[PDB]
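Colleague: Sharing structure.csv, CSV, C-alpha atoms and all ligand atoms:
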chain,number,residue,atom,x,y,z
Q,4,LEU,CA,8.5,5.6,-19.0
Q,5,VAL,CA,11.4,6.7,-16.9
Q,6,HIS,CA,10.5,8.5,-13.6
Q,7,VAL,CA,13.5,10.2,-12.1
Q,8,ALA,CA,13.5,11.2,-8.5
Q,9,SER,CA,13.5,14.9,-7.9
Q,10,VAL,CA,14.1,16.2,-4.3
Q,11,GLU,CA,11.7,19.0,-3.3
Q,12,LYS,CA,13.6,22.1,-3.8
Q,13,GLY,CA,15.5,23.2,-0.8
Q,14,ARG,CA,14.5,20.5,1.6
Q,15,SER,CA,16.8,18.3,3.8
Q,16,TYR,CA,16.5,15.5,6.4
Q,17,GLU,CA,15.2,18.0,9.0
Q,18,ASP,CA,12.4,19.1,6.8
Q,19,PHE,CA,11.1,15.5,6.4
Q,20,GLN,CA,11.5,14.6,10.1
Q,21,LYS,CA,9.0,17.4,10.8
Q,22,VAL,CA,6.5,15.9,8.5
Q,23,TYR,CA,7.1,12.6,10.3
Q,24,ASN,CA,6.7,14.2,13.7
Q,25,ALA,CA,3.5,15.8,12.6
Q,26,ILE,CA,1.9,12.4,11.3
Q,27,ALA,CA,3.2,10.6,14.4
Q,28,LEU,CA,1.7,13.2,16.9
Q,29,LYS,CA,-1.6,13.0,15.0
Q,30,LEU,CA,-1.5,9.2,15.3
Q,31,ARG,CA,-1.2,9.5,19.1
Q,32,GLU,CA,-4.0,12.0,19.2
Q,33,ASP,CA,-6.6,10.2,17.1
Q,34,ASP,CA,-6.4,6.9,18.9
Q,35,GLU,CA,-10.1,6.3,19.2
Q,36,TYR,CA,-10.5,5.6,15.4
Q,37,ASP,CA,-12.0,2.1,14.6
Q,38,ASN,CA,-12.7,1.0,18.3
Q,39,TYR,CA,-9.4,2.2,19.5
Q,40,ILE,CA,-7.3,0.6,16.7
Q,41,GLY,CA,-6.3,4.1,15.6
Q,42,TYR,CA,-5.1,5.1,12.1
Q,43,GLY,CA,-1.7,3.2,11.9
Q,44,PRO,CA,-3.2,0.2,10.1
Q,45,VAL,CA,-5.2,2.2,7.4
Q,46,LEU,CA,-2.1,4.3,6.6
Q,47,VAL,CA,0.1,1.2,5.9
Q,48,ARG,CA,-2.8,-0.1,3.8
Q,49,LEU,CA,-2.9,3.2,1.9
Q,50,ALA,CA,0.9,3.2,1.2
Q,51,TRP,CA,0.8,-0.4,-0.1
Q,52,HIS,CA,-2.2,0.4,-2.3
Q,53,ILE,CA,-0.7,3.5,-4.0
Q,54,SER,CA,2.5,1.4,-4.6
Q,55,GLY,CA,0.8,-1.9,-5.6
Q,56,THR,CA,-0.5,-0.6,-8.9
Q,57,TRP,CA,3.0,-0.7,-10.5
Q,58,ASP,CA,3.6,-2.6,-13.7
Q,59,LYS,CA,7.2,-3.7,-14.2
Q,60,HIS,CA,6.6,-4.2,-17.9
Q,61,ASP,CA,5.9,-0.6,-19.0
Q,62,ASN,CA,6.7,1.4,-15.7
Q,63,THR,CA,3.1,2.7,-15.3
Q,64,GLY,CA,1.5,3.0,-11.8
Q,65,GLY,CA,3.5,2.8,-8.5
Q,66,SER,CA,4.0,5.5,-5.8
Q,67,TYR,CA,5.8,8.2,-7.8
Q,68,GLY,CA,3.0,10.2,-9.3
Q,69,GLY,CA,0.7,10.5,-6.3
Q,70,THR,CA,-2.3,9.7,-8.6
Q,71,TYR,CA,-4.5,8.3,-5.7
Q,72,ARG,CA,-5.5,12.0,-5.4
Q,73,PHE,CA,-7.4,11.6,-8.7
Q,74,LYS,CA,-11.0,10.5,-8.9
Q,75,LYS,CA,-10.5,7.3,-11.0
Q,76,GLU,CA,-8.0,5.7,-8.5
Q,77,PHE,CA,-9.7,7.2,-5.4
Q,78,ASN,CA,-12.9,5.6,-6.4
Q,79,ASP,CA,-11.4,2.2,-7.3
Q,80,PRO,CA,-13.5,-0.6,-5.4
Q,81,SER,CA,-10.3,-2.2,-4.2
Q,82,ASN,CA,-9.5,1.1,-2.4
Q,83,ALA,CA,-12.8,1.4,-0.5
Q,84,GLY,CA,-12.1,2.5,3.1
Q,85,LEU,CA,-8.8,4.3,2.3
Q,86,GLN,CA,-10.6,7.7,2.2
Q,87,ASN,CA,-10.3,7.8,6.0
Q,88,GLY,CA,-6.5,7.6,5.6
Q,89,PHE,CA,-6.6,10.4,3.0
Q,90,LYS,CA,-8.7,12.7,5.2
Q,91,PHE,CA,-6.3,12.1,8.2
Q,92,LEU,CA,-3.3,13.2,6.0
Q,93,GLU,CA,-5.0,16.1,4.2
Q,94,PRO,CA,-4.4,18.6,7.2
Q,95,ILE,CA,-0.7,17.6,7.3
Q,96,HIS,CA,-0.5,18.3,3.6
Q,97,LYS,CA,-2.0,21.9,4.2
Q,98,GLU,CA,0.7,22.4,6.9
Q,99,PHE,CA,3.6,21.2,4.8
Q,100,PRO,CA,2.5,22.2,1.2
Q,101,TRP,CA,5.9,21.7,-0.4
Q,102,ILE,CA,6.0,17.8,0.0
Q,103,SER,CA,4.7,15.8,-3.0
Q,104,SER,CA,1.6,13.5,-2.7
Q,105,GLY,CA,3.6,10.2,-3.4
Q,106,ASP,CA,6.1,11.3,-0.8
Q,107,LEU,CA,3.3,12.1,1.8
Q,108,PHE,CA,1.3,8.8,1.2
Q,109,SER,CA,4.4,6.7,1.4
Q,110,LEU,CA,5.8,8.5,4.4
Q,111,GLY,CA,2.4,8.0,6.3
Q,112,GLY,CA,3.1,4.2,5.8
Q,113,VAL,CA,6.7,4.4,7.1
Q,114,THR,CA,5.6,6.6,10.1
Q,115,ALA,CA,2.8,4.2,11.1
Q,116,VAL,CA,5.1,1.1,11.1
Q,117,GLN,CA,7.9,2.7,13.2
Q,118,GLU,CA,5.3,4.3,15.6
Q,119,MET,CA,3.5,0.8,16.0
Q,120,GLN,CA,6.8,-0.6,17.3
Q,121,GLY,CA,7.8,-2.1,13.9
Q,122,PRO,CA,11.3,-2.2,12.2
Q,123,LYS,CA,13.0,1.1,11.0
Q,124,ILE,CA,12.3,1.5,7.3
Q,125,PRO,CA,14.9,3.6,5.2
Q,126,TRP,CA,12.8,6.1,3.2
Q,127,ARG,CA,13.8,8.2,0.1
Q,128,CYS,CA,12.2,11.6,-1.1
Q,129,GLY,CA,11.8,12.7,-4.8
Q,130,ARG,CA,8.5,11.4,-6.1
Q,131,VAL,CA,6.9,14.1,-8.3
Q,132,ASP,CA,3.3,14.6,-8.8
Q,133,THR,CA,2.0,13.6,-12.2
Q,134,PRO,CA,-1.1,14.5,-14.3
Q,135,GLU,CA,-4.6,13.0,-14.2
Q,136,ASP,CA,-4.0,11.2,-17.5
Q,137,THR,CA,-1.3,9.1,-15.7
Q,138,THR,CA,-3.7,7.6,-13.2
Q,139,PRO,CA,-3.6,3.8,-13.6
Q,140,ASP,CA,-6.9,2.1,-14.5
Q,141,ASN,CA,-8.8,0.1,-11.8
Q,142,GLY,CA,-8.2,-3.6,-11.5
Q,143,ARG,CA,-4.5,-3.9,-10.8
Q,144,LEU,CA,-4.8,-4.5,-7.0
Q,145,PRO,CA,-5.2,-8.2,-5.9
Q,146,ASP,CA,-8.3,-10.3,-5.2
Q,147,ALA,CA,-8.9,-12.1,-1.8
Q,148,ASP,CA,-10.7,-15.2,-3.0
Q,149,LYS,CA,-7.7,-16.9,-4.6
Q,150,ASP,CA,-4.8,-19.3,-4.1
Q,151,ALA,CA,-1.0,-19.3,-3.7
Q,152,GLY,CA,-0.5,-19.6,-7.5
Q,153,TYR,CA,-2.5,-16.4,-8.0
Q,154,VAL,CA,-0.4,-14.7,-5.2
Q,155,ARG,CA,3.1,-15.8,-6.7
Q,156,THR,CA,1.9,-14.6,-10.1
Q,157,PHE,CA,0.4,-11.4,-8.9
Q,158,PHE,CA,3.5,-10.3,-7.0
Q,159,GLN,CA,5.9,-11.1,-9.9
Q,160,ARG,CA,4.4,-8.1,-11.7
Q,161,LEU,CA,6.0,-6.0,-8.8
Q,162,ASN,CA,8.9,-8.3,-8.9
Q,163,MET,CA,8.8,-9.6,-5.5
Q,164,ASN,CA,10.0,-13.1,-4.9
Q,165,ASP,CA,8.6,-15.6,-2.3
Q,166,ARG,CA,10.4,-14.4,0.7
Q,167,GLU,CA,9.4,-10.7,-0.1
Q,168,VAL,CA,5.8,-11.8,-0.5
Q,169,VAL,CA,5.6,-13.7,2.9
Q,170,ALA,CA,7.4,-10.8,4.7
Q,171,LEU,CA,5.2,-8.2,3.2
Q,172,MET,CA,2.1,-10.2,3.9
Q,173,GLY,CA,2.8,-10.2,7.7
Q,174,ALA,CA,1.6,-6.5,7.7
Q,175,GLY,CA,-2.0,-8.1,7.7
Q,176,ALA,CA,-1.5,-8.7,11.6
Q,177,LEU,CA,-2.5,-5.0,11.7
Q,178,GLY,CA,-6.0,-3.7,11.6
Q,179,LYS,CA,-9.1,-5.6,10.7
Q,180,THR,CA,-11.4,-6.3,7.8
Q,181,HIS,CA,-14.6,-4.4,7.5
Q,182,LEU,CA,-17.8,-5.9,5.9
Q,183,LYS,CA,-18.9,-2.7,4.3
Q,184,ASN,CA,-15.5,-2.0,2.7
Q,185,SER,CA,-14.5,-5.5,1.4
Q,186,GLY,CA,-17.2,-8.1,1.9
Q,187,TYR,CA,-15.0,-9.7,4.6
Q,188,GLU,CA,-15.2,-9.2,8.5
Q,189,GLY,CA,-12.9,-9.6,11.5
Q,190,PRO,CA,-9.3,-9.1,12.7
Q,191,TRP,CA,-6.2,-11.3,12.0
Q,192,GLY,CA,-5.1,-11.4,15.6
Q,193,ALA,CA,-5.1,-10.0,19.1
Q,194,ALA,CA,-2.4,-7.3,18.8
Q,195,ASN,CA,-3.9,-5.4,15.8
Q,196,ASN,CA,-2.0,-2.1,16.2
Q,197,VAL,CA,1.4,-3.2,17.4
Q,198,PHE,CA,3.8,-4.7,14.8
Q,199,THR,CA,4.8,-8.3,15.7
Q,200,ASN,CA,5.2,-11.7,13.9
Q,201,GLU,CA,1.7,-12.7,15.3
Q,202,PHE,CA,0.3,-13.3,11.7
Q,203,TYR,CA,2.8,-16.3,11.3
Q,204,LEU,CA,2.1,-17.8,14.7
Q,205,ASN,CA,-1.7,-17.6,14.2
Q,206,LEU,CA,-1.6,-19.3,10.8
Q,207,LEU,CA,0.5,-22.2,12.2
Q,208,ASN,CA,-1.2,-22.5,15.6
Q,209,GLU,CA,-4.9,-22.0,15.2
Q,210,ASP,CA,-7.7,-24.4,14.2
Q,211,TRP,CA,-9.0,-22.6,11.2
Q,212,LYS,CA,-12.4,-23.4,9.8
Q,213,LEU,CA,-13.7,-22.5,6.3
Q,214,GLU,CA,-17.0,-20.7,6.5
Q,215,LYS,CA,-19.0,-18.3,4.4
Q,216,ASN,CA,-19.9,-14.8,5.8
Q,217,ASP,CA,-22.8,-12.4,5.6
Q,218,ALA,CA,-21.5,-11.0,2.2
Q,219,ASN,CA,-21.3,-14.7,0.8
Q,220,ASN,CA,-17.6,-14.6,0.7
Q,221,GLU,CA,-15.6,-17.3,2.3
Q,222,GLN,CA,-13.1,-16.9,4.9
Q,223,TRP,CA,-11.1,-19.0,7.4
Q,224,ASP,CA,-12.4,-18.4,11.0
Q,225,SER,CA,-10.6,-19.7,14.1
Q,226,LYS,CA,-12.0,-20.5,17.6
Q,227,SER,CA,-10.4,-17.4,19.0
Q,228,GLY,CA,-12.4,-15.1,16.9
Q,229,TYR,CA,-9.6,-14.3,14.3
Q,230,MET,CA,-10.0,-14.5,10.6
Q,231,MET,CA,-7.8,-15.1,7.5
Q,232,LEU,CA,-8.7,-14.5,3.8
Q,233,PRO,CA,-8.3,-17.4,1.2
Q,234,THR,CA,-5.2,-15.8,-0.2
Q,235,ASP,CA,-3.7,-15.6,3.3
Q,236,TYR,CA,-4.5,-19.2,4.0
Q,237,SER,CA,-2.7,-20.2,0.8
Q,238,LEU,CA,0.7,-19.5,2.4
Q,239,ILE,CA,0.4,-22.7,4.4
Q,240,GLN,CA,-0.9,-24.6,1.3
Q,241,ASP,CA,2.3,-23.9,-0.7
Q,242,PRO,CA,5.5,-25.6,0.5
Q,243,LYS,CA,7.9,-22.8,-0.5
Q,244,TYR,CA,5.8,-20.2,1.4
Q,245,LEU,CA,5.2,-22.5,4.4
Q,246,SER,CA,8.9,-22.8,5.2
Q,247,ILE,CA,9.3,-19.1,5.2
Q,248,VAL,CA,6.1,-18.7,7.4
Q,249,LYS,CA,7.8,-21.1,9.9
Q,250,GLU,CA,11.0,-19.1,10.0
Q,251,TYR,CA,9.3,-15.9,11.0
Q,252,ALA,CA,6.9,-17.5,13.5
Q,253,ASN,CA,10.2,-18.6,15.1
Q,254,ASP,CA,12.3,-15.4,14.5
Q,255,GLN,CA,10.6,-12.0,14.8
Q,256,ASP,CA,14.0,-10.3,14.1
Q,257,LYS,CA,14.5,-12.1,10.7
Q,258,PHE,CA,10.8,-11.1,10.1
Q,259,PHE,CA,11.6,-7.4,10.9
Q,260,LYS,CA,14.9,-7.4,8.8
Q,261,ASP,CA,13.2,-8.8,5.8
Q,262,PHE,CA,9.9,-6.8,6.1
Q,263,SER,CA,12.0,-3.6,6.2
Q,264,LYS,CA,14.0,-4.5,3.1
Q,265,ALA,CA,10.8,-5.5,1.2
Q,266,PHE,CA,8.6,-2.6,2.2
Q,267,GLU,CA,11.2,0.0,1.1
Q,268,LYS,CA,11.5,-2.0,-2.3
Q,269,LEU,CA,7.7,-1.9,-2.7
Q,270,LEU,CA,7.6,1.9,-2.1
Q,271,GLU,CA,10.6,2.6,-4.5
Q,272,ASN,CA,9.5,0.4,-7.5
Q,273,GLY,CA,9.5,2.4,-10.7
Q,274,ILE,CA,11.6,5.3,-9.5
Q,275,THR,CA,15.1,6.0,-10.8
Q,276,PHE,CA,17.3,7.7,-8.2
Q,277,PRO,CA,20.3,9.7,-9.6
Q,278,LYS,CA,23.5,9.3,-7.5
Q,279,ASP,CA,23.7,12.9,-6.7
Q,280,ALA,CA,20.5,12.1,-4.8
Q,281,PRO,CA,20.4,12.0,-0.9
Q,282,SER,CA,21.0,8.6,0.8
Q,283,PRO,CA,17.8,6.9,2.3
Q,284,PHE,CA,16.6,8.7,5.4
Q,285,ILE,CA,16.2,6.8,8.8
Q,286,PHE,CA,13.7,8.9,10.8
Q,287,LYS,CA,13.7,9.0,14.6
Q,288,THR,CA,10.6,8.0,16.6
Q,289,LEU,CA,8.7,10.5,18.9
Q,290,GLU,CA,10.1,8.4,21.7
Q,291,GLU,CA,13.6,8.8,20.3
Q,292,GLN,CA,13.3,12.6,20.2
Q,293,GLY,CA,11.6,12.9,23.7
Q,294,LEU,CA,8.3,14.1,22.1
Q,301,LIG,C1,-2.8,-10.8,-2.0
Q,301,LIG,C2,-2.6,-9.8,-1.0
Q,301,LIG,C3,-3.6,-9.0,-0.2
Q,301,LIG,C4,-5.0,-9.0,-0.3
Q,301,LIG,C5,-5.9,-9.9,-1.1
Q,301,LIG,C6,-5.4,-8.1,0.7
Q,301,LIG,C7,-6.7,-7.8,1.0
Q,301,LIG,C8,-7.2,-7.0,2.1
Q,301,LIG,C9,-8.5,-6.9,2.5
Q,301,LIG,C10,-9.7,-7.6,1.8
Q,301,LIG,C11,-8.5,-6.0,3.6
Q,301,LIG,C12,-9.6,-5.4,4.4
Q,301,LIG,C13,-10.3,-4.2,3.8
Q,301,LIG,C14,-11.4,-3.6,4.6
Q,301,LIG,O1,-12.5,-4.2,4.7
Q,301,LIG,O2,-11.3,-2.5,5.2
Q,301,LIG,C15,-7.1,-5.8,3.8
Q,301,LIG,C16,-6.7,-5.0,4.9
Q,301,LIG,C17,-5.4,-4.5,5.2
Q,301,LIG,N1,-4.3,-4.7,4.4
Q,301,LIG,FE1,-4.3,-6.2,2.9
Q,301,LIG,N2,-4.3,-7.6,1.3
Q,301,LIG,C18,-3.2,-8.1,0.7
Q,301,LIG,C19,-1.9,-7.7,1.0
Q,301,LIG,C20,-1.5,-6.7,1.9
Q,301,LIG,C21,-0.2,-6.2,2.0
Q,301,LIG,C22,1.0,-6.7,1.1
Q,301,LIG,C23,-0.2,-5.3,3.0
Q,301,LIG,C24,0.8,-4.4,3.6
Q,301,LIG,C25,2.2,-4.4,3.4
Q,301,LIG,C26,-1.5,-5.3,3.5
Q,301,LIG,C27,-2.0,-4.5,4.6
Q,301,LIG,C28,-3.3,-4.3,5.0
Q,301,LIG,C29,-3.6,-3.7,6.2
Q,301,LIG,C30,-2.7,-2.9,7.3
Q,301,LIG,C31,-5.0,-3.8,6.3
Q,301,LIG,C32,-5.8,-3.3,7.5
Q,301,LIG,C33,-6.7,-2.2,7.0
Q,301,LIG,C34,-7.6,-1.6,8.1
Q,301,LIG,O3,-7.5,-1.9,9.3
Q,301,LIG,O4,-8.4,-0.8,7.7
Q,301,LIG,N3,-2.3,-6.0,2.7
Q,301,LIG,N4,-6.3,-6.4,2.9
Could you express the structure from this file as structure tokens?

Modeller:
Amino acid sequence: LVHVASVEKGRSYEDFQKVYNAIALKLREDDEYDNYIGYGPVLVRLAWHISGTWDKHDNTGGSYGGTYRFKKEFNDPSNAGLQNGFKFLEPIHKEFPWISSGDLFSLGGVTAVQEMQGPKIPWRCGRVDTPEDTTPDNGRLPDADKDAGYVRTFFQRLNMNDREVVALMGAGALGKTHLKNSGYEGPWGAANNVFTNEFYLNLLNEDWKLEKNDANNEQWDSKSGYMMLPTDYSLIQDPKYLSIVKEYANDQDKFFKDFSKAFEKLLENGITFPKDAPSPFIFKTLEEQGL
């Protein structure tokens, strides 16, 4: 498969900044969601999940086709809980009906990160909606109960190397796990809706204890009340990952620089961009516009 990027006919940078401004003003408004965590975390989880189905071998899956809108992917067990992110965005799609789904789902992700004080992420437009028969089968998103060998191997299918995997994984400082959605329960840290390098400092500085939970899944619990999944804990079990974890616990700006570069790569995998295409857009924040 080749998927070439097609810009929504007639639209420019100013059209997209209005969709951003709309998502961002609704984030500020619906701040009570999940015990005042807000929707920022579920929206970067939805953008990684629509992108994380990509297969580098045959170019199936990925953000391009906006196929999460279809039943098979929408009802994937690994996507449980993302329906709240979908319903949040649905009014914004009625307001700006010209934007494609893959462009809206991925721009929700970019807007959430910049509005939770994270790095600026360059974004590109052009994903085109594709038919129901292009919806990837379930079972391509990753399990939680596994080790660093499983992680290295899983992320090579999206051709992410070790540094890109540790940088991308830091976006778990955000939000919390929910027993009813995943069989796991608890937050990764204190600042769960501001973007910081806290995931790396917690993994190196806490006294983690392996325990089972009420769903019979294991997880690492610390004294502080935080939790990590087995796959997260793995990053300090592997020596290549552990050095990169140390670097980011000591330099939040190297963390932000590399997260940025990797998160745009994850959102553009599987998409061919012509060079008549617009350069990547750097959207301003509400604060930068005075809104
Ligand atoms: C091997 C990798 C990963 C596994 C096993 C994994 C698994 C999970 C699980 C079990 C949850 C909680 C679901 C719930 O109960 O609601 C979760 C939440 C989340 N994930 Fe991941 N994750 C992985 C990678 C990533 C990556 C790469 C990102 C982002 C770039 C990410 C971002 C998030 C966010 C923001 C949440 C919070 C969701 C919320 O608050 O509702 N995850 N993840």

Colleague: For residue 262 in chain Q, which residue among Q:199, Q:87, Q:63, Q:141 is the nearest when counting all atoms listed in the file?

Modeller: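 Nearest to residue 262 in chain Q: Q:199.
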
Colleague: Between range 12-70 of chain Q and range 147-165 of chain Q, at 10 Å or less, what are the per-residue closest atom pairs and their distances in Å? Count only C-alpha atoms, order by chain and rising residue number, and return it as a tab-separated table.

Modeller:
residue	atom	partner	partner_atom	distance
Q:54	CA	Q:161	CA	9.2
Q:55	CA	Q:161	CA	7.4
Q:56	CA	Q:161	CA	8.5
Q:57	CA	Q:161	CA	6.3
Q:58	CA	Q:160	CA	5.9
Q:59	CA	Q:160	CA	5.8
Q:60	CA	Q:160	CA	7.6
Q:65	CA	Q:161	CA	9.2

Colleague: Using atom FE1 of ligand LIG 301 (chain Q) and CA of residue 117 in chain Q as the two end points, give the distance in Å to one decimal.

Modeller: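 These two atoms are separated by 18.3 Å.
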
Colleague: Taking only C-alpha atoms and all ligand atoms and a cut-off of 7 Å, can you tell me which residues surround ligand LIG 301 (chain Q), written as a list in words?

Modeller: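 Listed by chain and ascending number, the contacts are residues 44, 45, 47, 48, 51, 84, 145, 146, 147, 154, 171, 172, 174, 175, 177, 178, 179, 180, 181, 182, 183, 184, 185, 186, 187, 188, 234 and 266 of chain Q.
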
Colleague: If you keep C-alpha atoms, can you produce a file of those selected residues as a compact mmCIF listing (two decimals), keeping the file's coordinate frame?

Modeller:
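part.txt, freshly written:
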# COMPACT_ATOMS: atom_id res chain seq x y z
CA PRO Q 44 -3.20 0.20 10.10
CA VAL Q 45 -5.20 2.20 7.40
CA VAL Q 47 0.10 1.20 5.90
CA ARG Q 48 -2.80 -0.10 3.80
CA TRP Q 51 0.80 -0.40 -0.10
CA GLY Q 84 -12.10 2.50 3.10
CA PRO Q 145 -5.20 -8.20 -5.90
CA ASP Q 146 -8.30 -10.30 -5.20
CA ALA Q 147 -8.90 -12.10 -1.80
CA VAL Q 154 -0.40 -14.70 -5.20
CA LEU Q 171 5.20 -8.20 3.20
CA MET Q 172 2.10 -10.20 3.90
CA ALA Q 174 1.60 -6.50 7.70
CA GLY Q 175 -2.00 -8.10 7.70
CA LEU Q 177 -2.50 -5.00 11.70
CA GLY Q 178 -6.00 -3.70 11.60
CA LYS Q 179 -9.10 -5.60 10.70
CA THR Q 180 -11.40 -6.30 7.80
CA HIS Q 181 -14.60 -4.40 7.50
CA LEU Q 182 -17.80 -5.90 5.90
CA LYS Q 183 -18.90 -2.70 4.30
CA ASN Q 184 -15.50 -2.00 2.70
CA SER Q 185 -14.50 -5.50 1.40
CA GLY Q 186 -17.20 -8.10 1.90
CA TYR Q 187 -15.00 -9.70 4.60
CA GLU Q 188 -15.20 -9.20 8.50
CA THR Q 234 -5.20 -15.80 -0.20
CA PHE Q 266 8.60 -2.60 2.20

Colleague: Can you work out which one of Q:247, Q:257, Q:62, Q:23 has the shortest atom-to-atom distance to residue 99 in chain Q, counting all atoms listed in the file?

Modeller: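 Using all atoms listed in the file, the shortest distance to residue 99 in chain Q belongs to Q:23.
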
Colleague: Tell me which of Q:191, Q:284, Q:80, Q:205 sits closest to residue 18 in chain Q, counting all atoms listed in the file.

Modeller: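 Nearest candidate to residue 18 in chain Q out of Q:191, Q:284, Q:80, Q:205: Q:284.
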
Colleague: If you measure from CA of residue 26 in chain Q to CA of residue 105 in chain Q, what distance in Å do you get, rounded to one decimal?

Modeller: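 Taking CA of residue 26 in chain Q and CA of residue 105 in chain Q, their separation equals 15.0 Å.
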